[PDB]
Amino acid sequence: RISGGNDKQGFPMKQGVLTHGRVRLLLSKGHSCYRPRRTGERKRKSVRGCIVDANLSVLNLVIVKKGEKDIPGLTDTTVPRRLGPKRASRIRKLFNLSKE
Amino acid sequence: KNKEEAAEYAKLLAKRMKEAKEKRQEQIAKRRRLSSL
Amino acid sequence: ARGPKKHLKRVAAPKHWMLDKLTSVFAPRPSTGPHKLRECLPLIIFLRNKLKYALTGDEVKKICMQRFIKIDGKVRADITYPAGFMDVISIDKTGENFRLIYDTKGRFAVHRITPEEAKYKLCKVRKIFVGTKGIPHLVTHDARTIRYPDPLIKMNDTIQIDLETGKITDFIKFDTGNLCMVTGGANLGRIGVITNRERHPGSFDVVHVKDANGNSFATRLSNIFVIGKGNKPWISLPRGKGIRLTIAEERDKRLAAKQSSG
Amino acid sequence: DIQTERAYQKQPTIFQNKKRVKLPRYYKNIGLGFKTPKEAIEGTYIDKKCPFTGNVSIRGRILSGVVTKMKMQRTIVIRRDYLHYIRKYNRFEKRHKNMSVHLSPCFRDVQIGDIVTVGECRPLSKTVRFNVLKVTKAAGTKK
Amino acid sequence: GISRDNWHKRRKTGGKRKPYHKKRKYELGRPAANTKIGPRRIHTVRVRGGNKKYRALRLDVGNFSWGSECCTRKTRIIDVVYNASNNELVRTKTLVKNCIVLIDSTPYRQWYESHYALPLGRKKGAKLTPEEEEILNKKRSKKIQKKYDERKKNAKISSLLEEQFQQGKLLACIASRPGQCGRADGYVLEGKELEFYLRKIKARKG
RNA sequence: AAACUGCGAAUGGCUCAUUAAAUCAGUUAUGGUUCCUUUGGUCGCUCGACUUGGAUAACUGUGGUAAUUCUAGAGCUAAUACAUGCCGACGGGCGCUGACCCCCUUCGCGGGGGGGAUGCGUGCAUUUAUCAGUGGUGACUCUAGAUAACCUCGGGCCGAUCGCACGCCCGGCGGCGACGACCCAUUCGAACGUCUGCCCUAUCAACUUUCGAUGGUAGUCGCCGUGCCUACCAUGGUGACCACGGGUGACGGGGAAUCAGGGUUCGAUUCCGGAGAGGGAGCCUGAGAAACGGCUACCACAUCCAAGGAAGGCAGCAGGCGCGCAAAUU
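Residue numbers (PDB author numbering), protein chains in the order written: chain G, 51 to 150; chain L, 201 to 237; chain D, 2 to 263; chain X, 3 to 23, 32 to 153; chain R, 2 to 207.
In structure tokens form, the structure reads like this:
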């Protein structure tokens, strides 16, 4: 799965913007590529499109389908999940605990 | 609290409705006295 | 301004607080509360300015946050709480109890009382309305909304309320002959029997008040409280008894006391 | 006479479609010791701004002035003459304000000269903050 | 933005003002809702003081009343017939306050027939063939039928209503402000109101 | 610690450019509105789960851009964030419905007087209509009551919240608070209205008006009152008691100087009120902003640049340049 990365001027991709160049977009809370400072702040940023060209720095790639081969950096070492569940219901679902 | 206050007012309001009816009936007894005077 | 003011300038402060004009730029802006800005005496001003327990405002923080100051029955940890008229300030560890009643000169006196007296206060009713299901509600001068009052209580009366419960005991009808503390205008702090309420429909109703020495004056109704039935008050009065002896009388009574006491 | 305008004309309070087998009129006392005229109670007209048969409430100030112009629909111009004290010269100057005032058709017998009494109410229009309360005809004018 | 300012306007005298201040917020205007007939699209606003206001943009149902004999029922609005504001807000099917609208009658007809037990509208010869409300025109005891007959002494309807009920389409007047409250409520026209508005429909139409 | 959350950042401070019935002042109104907060009410009133669901940040890891308080993908993980929702009180009332039923009168038909299952609906707030006229006003189309309905999916409430001290009770009951919450009231205001009051100018005498001028009627918009705005109307409105236009080295006032008594001049300047943040304009959030130590353009000016782009607003405190007769410490 191609999750999208950075333009070669550094500007991040924008999930579903449907161009191949950079757009100036009036971004807000609950958007990609924008963290607001004041409550309600709404700045105009440069974001690169979703159509992948030879005009990129880095693509972000998430491998869904596990294939034939082992691959030396990815699938060799496993890092265990740093934190376990905290909420009682999530612990109850994980360990398959009953409700008594 | 809502129940006790409601009853406690209802008894006080009842008492002041008897005071009001005694004042009413005195002024209508004064109408019967203005016919007698 | 594009929203509510949070400061109060010392020179803009109400005159009766008797803050100077050299300690700071600001006065304490009273916290929003039962009493108006221009009529309330904030707690800090009752602690560091009048009783003089504290020196600074950080001292008043160190007294009020220890949960000692109990303004009319309930502990207050707000240094700028608006304590106002008739409110009872109970400092428990000294065993002292104060009622905020106006001196005959505009300012609030420090008037100590018995703890037996401190258990009740007296509240002027502002208006009566009938609540959500025929329930008579009753708003006072310190906004103590009371549901199911006695039906013979009318708009401008007073009600002797018990602080530990918050229920009415007895009520004084606004009638001619009843005592009156005047709580506004030039006649602020004056005490006397109500003589003639003169009705002005659409305008303000003036109310004449005869003094104990016979020096009759008048006030706008809104500035008038009732403290007693006929001549007998339901509080303890501050010394002077709300007469306002004149500047000539004050002068020779200072001269007399200054020589006689020594 | 009435229902000249595009919309139907009725008092919003009184309901006139009770089932049968004259329209009853809503009116109120204005207060401040002013008698509502018989015309307001008797009348057939509808005026939302009338202080006897409309949605308007009279409070605050009660003024008076001589009627100047009765030109436009349901409102008049009064002219309030007063004497402004200039202190240097220890003298007065004759000034006047002429306010637009709404004139309810309960007052029909009004001539340009009659001393009209007016009461402050909510802004009816851009310039009008006064409805007429009573009319005293000019001193002598009967014939 | 779209402002509600007294100060942009010429003085009583005819002389024009200068602005001493720039446009304030509390002098909001907002664009007209211009609500239509159709399936419910009600947008919410946030207004002065953190309160809500319900922009109707499409609205069909309306809690209309039938004042003559007290009943009021949620009814489908079918047409805008007349507006005393503009002649265009009838052409452009825009619901506003004091619109004259054709609404359904069947909730009112079902009520009238389930209270007075009299077939209302309904041409002679044309029976109710499926046998639904033929059951609800008969089948009482002694003293319940007596109660209905004592009540039936006061069941004469007007000639205009009786004609409108036949088409299944009453004329009603919007008393709500759909742009503000988000409801298309009101009352059914009766008497000299309905005579006036039927003459105005007849005046513009023909 | 960090981070999410909450609250504040709309106060304070500065300056006086604009503004001449405006601002402002005294004086009323809000029975025409809005209001975070505090304060007091209210918070089993609706008759119909021993606690639920999906995240996301901090953290770890992989980065990209010359550059920003730029941020991307990945792996976890909370809530008084974001949603979702019961049990209880709770058993029954009260309105219609109306099967059924008992009695009294008429020999009988009929007329009355009682119980009556099932079903419908039900509280406060919402919107519309109708009826009667608890407490209140100088006056309400007030508050409260009754009826009939409605109740927005961009959604009113009815507590899935957290702490101290622990108890009583053959598992059930409770204390002291914290936070939350619809609505009423209160405080803090704000907003728009009433009355009266302003410097010079006539080499400014007629002005305003179918690109709203004054008014009517009905809407739209707005927190609400209003030509605020639309549509159709009517032809108004103001002026020699100086309108209208122009000017002002004009923010208004409390005040200042001078001073026999009258006056004259000043008030940018520490308190009140207003206005603006280089000039105009538009708006997000919020109780409150048309905010600028917020954002979005345009205009003017100007910074950084690997020349692709990014960042700016001292009429805050210092300080610098410039301007000047003229004003202080980074």
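For each residue, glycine too, the CB sits at the ideal point set by N, CA and C.
Exposure label - residue i; buried when at least 16 CB within 10 Å
i        : result
D/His36  : buried
D/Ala2   : exposed
D/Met156 : exposed
X/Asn100 : exposed
D/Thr159 : buried
X/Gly41  : exposed
X/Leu113 : buried
X/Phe17  : exposed
L/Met217 : exposed
D/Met19  : exposed
G/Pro130 : exposed
X/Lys98  : exposed
D/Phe205 : exposed
Same chain, Cβ closer than 8 angstroms to residue i, five either side skipped, listed in chain order
i        : result
D/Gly107 : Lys16, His17, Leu189, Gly190
R/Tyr109 : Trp67, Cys72, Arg74, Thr76, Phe166, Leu171, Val189
R/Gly30  : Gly2, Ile3, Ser4, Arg5
For residue i: DSSP bridge partner residues
i        : result
G/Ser96  : G/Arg74
D/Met182 : D/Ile192
D/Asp171 : D/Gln161
D/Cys124 : D/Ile160
D/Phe86  : Bridge partners of D/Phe86: none, in fact.
X/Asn141 : X/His112, X/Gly129
D/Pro150 : D/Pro150 is not bridged to any residue.
X/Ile86  : X/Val111
R/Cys72  : Per DSSP, none; premise fails for R/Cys72.
R/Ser4   : R/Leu29
D/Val140 : D/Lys128
R/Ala173 : R/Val102, R/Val189
D/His209 : D/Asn197, D/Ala219
Residue-level contact to chain D via CB, residue i, 9 angstroms cutoff
i        : result
X/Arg139 : no
X/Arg69  : yes
X/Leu42  : yes
L/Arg224 : no
Beta carbon proximity, residue i to chain X, threshold 9 angstroms
i        : result
R/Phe166 : no
R/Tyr198 : yes
R/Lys37  : no
R/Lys10  : yes
D/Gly203 : yes
R/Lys157 : yes
R/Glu70  : yes
Supposed contact pair residue j and residue i - C-beta distance, whole angstroms, cut 8 angstroms
i        : j        : result
R/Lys17  : R/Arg25  : Rounded, the Cβ-Cβ distance is 20 angstroms, inconsistent with contact.
D/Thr141 : D/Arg127 : 6 angstroms
G/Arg94  : G/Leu109 : Between G/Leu109 and G/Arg94 the Cβ distance is about 26 angstroms, and since that is not below 8 angstroms, they are no contact.
R/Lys37  : R/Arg59  : 5 angstroms
X/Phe117 : X/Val142 : 6 angstroms
D/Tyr82  : D/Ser32  : 5 angstroms
R/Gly63  : R/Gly187 : 6 angstroms
L/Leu213 : D/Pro152 : 6 angstroms
Chain R contact for residue i (CB, 9 angstroms cutoff)
i        : result
X/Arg8   : yes
X/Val128 : no
X/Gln83  : no
X/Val77  : no
Same chain, Cβ closer than 6 angstroms to residue i, neighbours up to 5 away in sequence not counted
i        : result
G/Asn146 : none
R/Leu161 : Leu195
Residue i at chain L interface by Cβ criterion, 9 angstroms
i        : result
D/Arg145 : no
D/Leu164 : no
Sequence-distant residues of its chain with Cβ nearer than 7 angstroms to residue i (five each side left out)
i        : result
D/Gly132 : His138, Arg148
D/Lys242 : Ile192, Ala213
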